[PDB]
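Enquirer: Protein chains in written order, with the deposited numbering: chain A, 356 to 390; chain S, 14 to 130; chain R, 1 to 74, 111 to 370, 383 to 449; chain B, 494 to 532; chain N, 70 to 137; chain D, 1755 to 1791, 1803 to 1818. Supplied in structure tokens, the structure appears directly below.
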Amino acid sequence: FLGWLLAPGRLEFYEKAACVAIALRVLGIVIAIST
Amino acid sequence: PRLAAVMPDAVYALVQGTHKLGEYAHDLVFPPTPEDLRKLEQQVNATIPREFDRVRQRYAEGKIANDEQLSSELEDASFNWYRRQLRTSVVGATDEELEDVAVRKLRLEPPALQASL
Amino acid sequence: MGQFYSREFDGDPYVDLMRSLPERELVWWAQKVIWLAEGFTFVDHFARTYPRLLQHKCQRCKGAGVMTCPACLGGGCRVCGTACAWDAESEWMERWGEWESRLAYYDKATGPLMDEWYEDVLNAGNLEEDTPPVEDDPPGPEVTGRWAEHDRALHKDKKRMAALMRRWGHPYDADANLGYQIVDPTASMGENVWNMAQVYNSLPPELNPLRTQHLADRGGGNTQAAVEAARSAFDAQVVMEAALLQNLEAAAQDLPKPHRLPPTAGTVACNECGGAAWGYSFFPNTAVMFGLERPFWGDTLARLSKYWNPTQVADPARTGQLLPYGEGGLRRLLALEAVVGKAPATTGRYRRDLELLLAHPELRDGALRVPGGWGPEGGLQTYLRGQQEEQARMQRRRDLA
Amino acid sequence: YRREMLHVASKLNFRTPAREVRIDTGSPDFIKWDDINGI
Amino acid sequence: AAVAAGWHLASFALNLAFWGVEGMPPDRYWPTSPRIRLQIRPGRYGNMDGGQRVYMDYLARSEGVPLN
Amino acid sequence: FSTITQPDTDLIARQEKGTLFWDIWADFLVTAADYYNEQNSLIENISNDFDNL
Ligand SMILES: [Zn+2]
Ligand SMILES: [Zn+2]
């Protein structure tokens, strides 16, 4: 189960999703303090 | 980023933190020894190779470093120990010729049992 | 990116609020795609996990699909299978040689040094020479000593390097090894394949048809046929390796193996099933669902212990049988096996070679590295024949003058 | 934060005219049910 | 095999002899629209103004009118 | 039938965050407005209620 869950393709998807997530969080707070 | 690097660091940090908390749990319940700290002092001192004792004396008499000159002093000690161990691996030790290397890596000799007791 | 403006998003209390903030719209899009990824994961987990409930196994072979031929466990048996391609022990190092040759091409373990050697011989215009070493000189000839011969052979290396470079150029140009920078492990396997399938880089030269497409004549007719007949066996062996590895992966867990291969030289096919050892059934296989598959070690111990210990309840007193079971009992009852014991009969084909290894102790030094094998056409005998024929040849060359 | 409440204020009358009223019973201006008569 | 197929064939013939709803009266525990019986009605969100447009052609997709 | 026509993640998220955005914040907003009492007006509103709150 874990060998299927943490496969390289799923790993790269997790990483890209988390990157865009942290990006949008910090960008939203940047534009929210900019109000 | 790069979960493949994060997971080993995550588990390493977990177990090392647990080790620290266990050390704290053991130093408060059972307070530290006052003088056997010298026992462990000298018994971690004894296994320091000879190529480092040259700075140990240099560590005693003032002229150690500022903080940076030692951190480039013990580097070459590490490296000469490294190459010495490489030569002990390949060409053997100082009192040991190729026949004895073949003896040791073929596991031909048993540990001395008569001399044990 | 303001996609909720055009005409037809009016009437939604939250969408019109998203009209006023682009960040809300963008995080909405991110969440929308992430939820779909999550759904795909849920479904494909379900679809690879549910089929394991419906798998049932033939109970007579226990999912093996194949039973034993006892006639062979003790010109031979004719019921039990066709011997495999590797039962021929006298063909082992030959096949291994062919395979390691083919594997030498693909190899990129020494990629960086080969690359910078190609970059050194490539331009030969850099020449940022540092400080040359304090050069030694060899002990001159007429001093016969193994150390001296080592030194002289060590000093004779640069001219021989140029000589072999003349005879065999850089392997990157003879295309004997994989190309200069076809792959490096830091790009994308997506890119690395495309580069691999550009021009027959997935094969070594000896099978590549580009090398042979120019000459095919009346003489043999094998130059374009007997290389296609080798490419075919190559791909067949590669596919067999893939299949065997899929079976090993299914047996690493306790799953039933997906590829049902034909019997072999010691086994016959199960009669109860067809040799198909399992299948799907629409009935849930309660033993897998309730986790009762494996048989609790003590039970198997009891079974095997009562199967290997039969009992004789009748006694030869009344029944007039004093001989044990079997046939030819009267003839059944008619050297140094108690010390050294048996002689192993699987390895006579090396006896000769060992004898040679005793007649020439000098062959045991580390300077010699023979390819390997057993027969007269392989390994040690090749070096012996070369040595003897060359010494006789050039000694007779001395006889001319 | 501020953008959000500003936008929801920009449409405040579009939301609902439903006015919840605060009913008191102890303040003197409150009227009993038996207070109203001739009814 | 013939018997095991004739069973299904008899059942299919019986289902064919029905042919429709002629003879079947109305019923109040079982309306014809699953949405009435199951109490399904849209809310407020997910309401696009030009979604009704789509609605129409979906109807036009199934009412079989090749205009679309 | 009735299971596969429930609202999915998108609509449930819309529902609960819209209900936190519309009927708890905007009603407090209305009480603040008609206690204190066109973009410029919404500014002193967002401010005079930043000041006191
Ligand atoms: Zn047999
Ligand atoms: Zn079977």
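All C-beta atoms, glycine included, are put in the ideal place defined by N, C-alpha and C.
Under 8 Å, Cβ to Cβ, is there at least one residue of chain N near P22/R?
Expert: Position 22 of the third sequence, counted from the first residue, corresponds to residue 22/R. By this cut-off, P22/R is not an interface position.
Enquirer: Below 9 Å between beta carbons is the criterion; list the residues of the region 4 to 38 of chain R that meet it against any residue of chain D, in chain order.
Expert: Residues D12, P13, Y14, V15, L17, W28, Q31, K32, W35, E38.
Enquirer: Strictly below 8 Å CB to CB, what residues from chain S border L366/A?
Expert: Along the first sequence, one-based indexing puts residue 366/A at 11. Chain S residues near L366/A: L16, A17.
Enquirer: Is the beta carbon of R188/R sitting closer than 8 Å to the one on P169/R?
Expert: Counting from 1 along the third sequence, the entry for residue 188/R is found at position 152. Counting from 1 along the third sequence, the entry for residue 169/R is found at position 133. For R188/R and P169/R, no; Cβs fall outside 8 Å.
Enquirer: When DSSP builds the beta bridges, which residues end up paired with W314/R?
Expert: The residue you call residue 314/R lines up with position 278 of the third sequence. BP columns for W314/R point to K57/R.
Enquirer: Less than 8 Å separating the beta-carbons of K32/R and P292/R?
Expert: One-based indexing of the third sequence puts residue 32/R at position 32. One-based indexing of the third sequence puts residue 292/R at position 256. No, these two residues do not count as a Cβ contact at 8 Å.
Enquirer: Within a Cβ cutoff of 7 Å, which residues of the same chain sit near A64/R, ignoring the five residues on either side of it in sequence?
Expert: Residue 64/R sits at position 64 when you count from the first residue of the third sequence. Counting only Cβ-Cβ distances below 7 Å, and skipping sequence neighbours, we find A313.
Enquirer: Ordered along the chain, which non-local residues of its own chain (more than five positions away) have a Cβ less than 6 Å from that of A90/S?
Expert: For the purposes of this step, residue 90/S is identified with residue 77 of the second sequence, where counting begins at 1. Correct list, in chain order: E64, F65.
Enquirer: Measuring only the C-alpha atoms, how far is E136/R from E125/R?
Expert: Here residue 136/R refers to the residue found at position 100 of the third sequence. Here residue 125/R refers to the residue found at position 89 of the third sequence. Cα-Cα distance, rounded: 18 Å.
Enquirer: For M150/R, report the span of its alpha helix (DSSP H) as first-last.
Expert: Along the third sequence, one-based indexing puts residue 150/R at 114. Counting along the chain, the alpha helix (DSSP H) containing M150/R begins and ends at 147 to 159.
Enquirer: Grab me the residues of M325/R's own chain with a C-beta within less than 7 Å of its C-beta, minus the 5 sequence neighbours each way, in chain order.
Expert: For the purposes of this step, residue 325/R is taken as the residue at position 289 of the third sequence. Contacts found: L53.
Enquirer: Determine, using beta carbons only, whether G358/A comes closer than 8 Å to chain R.
Expert: Taking the first residue of the first sequence as 1, we reach residue 358/A at position 3. Chain R, which has no Cβ nearer than 8 Å to the Cβ of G358/A, makes this no.
Enquirer: Note down the Cα distance separating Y236/R from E86/S, rounded to an integer number of angstroms.
Expert: Position 200 of the third sequence, counted from the first residue, corresponds to residue 236/R. Position 73 of the second sequence, counted from the first residue, corresponds to residue 86/S. Computed Cα separation, rounded: 55 Å.
Enquirer: From which residue to which residue does the alpha helix (DSSP H) around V66/R run?
Expert: Reading the third sequence from its first residue, position 66 is the one you call residue 66/R. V66/R -> not in any alpha helix (DSSP H); beta strand (DSSP E) instead, spanning 66 to 68.
Enquirer: Where the beta carbon is closer than 7 Å to any heavy atom of ligand 2, which residues qualify, in chain order?
Expert: Those residues, listed in chain order, are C58/R, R60/R, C61/R, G65/R, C306/R, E308/R, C309/R, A313/R.
Enquirer: Is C113/R near ligand 1, in the sense that its beta carbon is under 7 Å from a heavy atom of that ligand?
Expert: In the third sequence, the residue the question calls residue 113/R occupies position 77. Yes, the Cβ of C113/R comes within 7 Å of a heavy atom of ligand 1.
Enquirer: Using only the alpha-carbon positions, how far apart do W526/B and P510/B sit?
Expert: Translated into positions along the fourth sequence, residue 526/B becomes position 33. Translated into positions along the fourth sequence, residue 510/B becomes position 17. Distance between the alpha carbons of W526/B and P510/B is about 28 Å.
Enquirer: Roughly how many angstroms separate the alpha carbons of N321/R and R131/R, rounded to a whole number?
Expert: What you label residue 321/R is simply residue 285 of the third sequence in a count that begins at 1. What you label residue 131/R is simply residue 95 of the third sequence in a count that begins at 1. Taking the straight line joining both Cα atoms gives about 45 Å.
Enquirer: Under the rule that 16 or more other beta-carbon atoms within 10 Å means buried, what is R1768/D, buried or exposed?
Expert: Taking the sixth sequence and counting its residues from 1, one reaches residue 1768/D at position 14. It is buried - the Cβ of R1768/D has at least 16 other Cβ atoms within 10 Å.
Enquirer: Could I get the ranges of all uninterrupted alpha helix (DSSP H) runs contained in the region 30 to 78 of chain S, with 4 residues as the minimum, in chain order?
Expert: Taking only runs of at least 4 residues, the alpha helix (DSSP H) segments lying wholly in the region 30 to 78 of chain S are 49 to 58, 63 to 73.
Enquirer: Kindly list, in the order they appear in chain D, the residues whose Cβ is closer than 8 Å to that of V501/B.
Expert: Locating residue 501/B in the fourth sequence gives position 8, counting from the first residue. Simply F1775, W1776, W1779, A1780, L1783.
Enquirer: Return yes when the C-beta of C120/R is under 7 Å from any heavy atom of ligand 1, and no when it is not.
Expert: Working through the third sequence from its first residue, we reach residue 120/R at position 84. No, the Cβ of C120/R stays beyond 7 Å of every heavy atom of ligand 1.
Enquirer: When DSSP labels each residue in this structure, what does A210/R get in the three-state scheme?
Expert: Counted from its first residue, the third sequence places residue 210/R at position 174. In the structure shown, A210/R sits in coil (DSSP, three-state: anything other than H, G, I, E or B).
Enquirer: Indicate, with yes or no, if ligand 3 has a heavy atom lying under 7 Å from the CB of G302/R.
Expert: Of the ligands one can find in the structure shown, namely ligand 1 and ligand 2, none is ligand 3.
Enquirer: Enumerate in chain order the residues of its own chain whose CB-to-CB distance from residue 451/R is below 7 Å, with the five nearest sequence positions on each side excluded.
Expert: Past the boundaries of the shown model lies residue 451/R; chain R is included only from 1 to 449, so the question cannot be answered.
Enquirer: Assign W344/R to one of two classes, buried (16 or more other C-beta atoms within 10 Å of its C-beta) or exposed (fewer than that).
Expert: Numbered from 1 along the third sequence, position 308 holds the residue referred to as residue 344/R. Exposed.
Enquirer: Helix, strand or coil: how does DSSP classify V123/N here?
Expert: Taking the first residue of the fifth sequence as 1, we reach residue 123/N at position 54. Looking at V123/N - three-state DSSP - the assignment turns out to be helix.
Enquirer: Measuring alpha carbon to alpha carbon, tell me which of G256/R, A145/R, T303/R ends up nearest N213/R.
Expert: To locate residue 213/R, count along the third sequence from 1; it is residue 177. For the residues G256/R, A145/R, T303/R, the minimum Cα distance to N213/R belongs to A145/R.
Enquirer: Does the beta carbon of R515/B come closer than 8 Å to any beta carbon on chain D?
Expert: Here the question's residue 515/B lines up with position 22 in the fourth sequence. Judged by the 8 Å Cβ criterion, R515/B is not in contact with chain D.
Enquirer: Taking 8 Å as the CB-CB limit, is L382/A close to chain R?
Expert: Locating residue 382/A in the first sequence gives position 27, counting from the first residue. Yes, because at least one Cβ of chain R sits closer than 8 Å to the Cβ of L382/A.
Enquirer: Quick check: what's the CA-CA separation for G396/R versus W128/R?
Expert: Numbered from its first residue, the third sequence carries residue 396/R at position 348. Numbered from its first residue, the third sequence carries residue 128/R at position 92. Looking at the two C-alpha atoms, the distance is approximately 15 Å.
Enquirer: Determine the closest residue to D1777/D out of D517/B, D528/B, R515/B, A502/B, with distance taken between C-alpha atoms.
Expert: The count along the sixth sequence starts at 1 and reaches residue 1777/D at position 23. Measuring from the Cα of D1777/D, the nearest candidate turns out to be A502/B.
Enquirer: For a test of the three-state rule: what should DSSP assign to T101/N, helix, strand or coil?
Expert: On the fifth sequence, position 32 is the one that residue 101/N refers to. Note: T101/N maps to coil in three-state DSSP.
Enquirer: Return yes when at least one heavy atom of ligand 1 lies under 7 Å from the C-beta of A71/R, else no.
Expert: For the purposes of this step, residue 71/R is taken as the residue at position 71 of the third sequence. Because some heavy atom of ligand 1 lies under 7 Å away, the Cβ of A71/R counts as near it: yes.
Enquirer: Tell me whether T101/S sits in a helix, a strand or coil according to DSSP, three-state version.
Expert: As a working mapping, residue 101/S is identified with position 88 in the second sequence. Helix.
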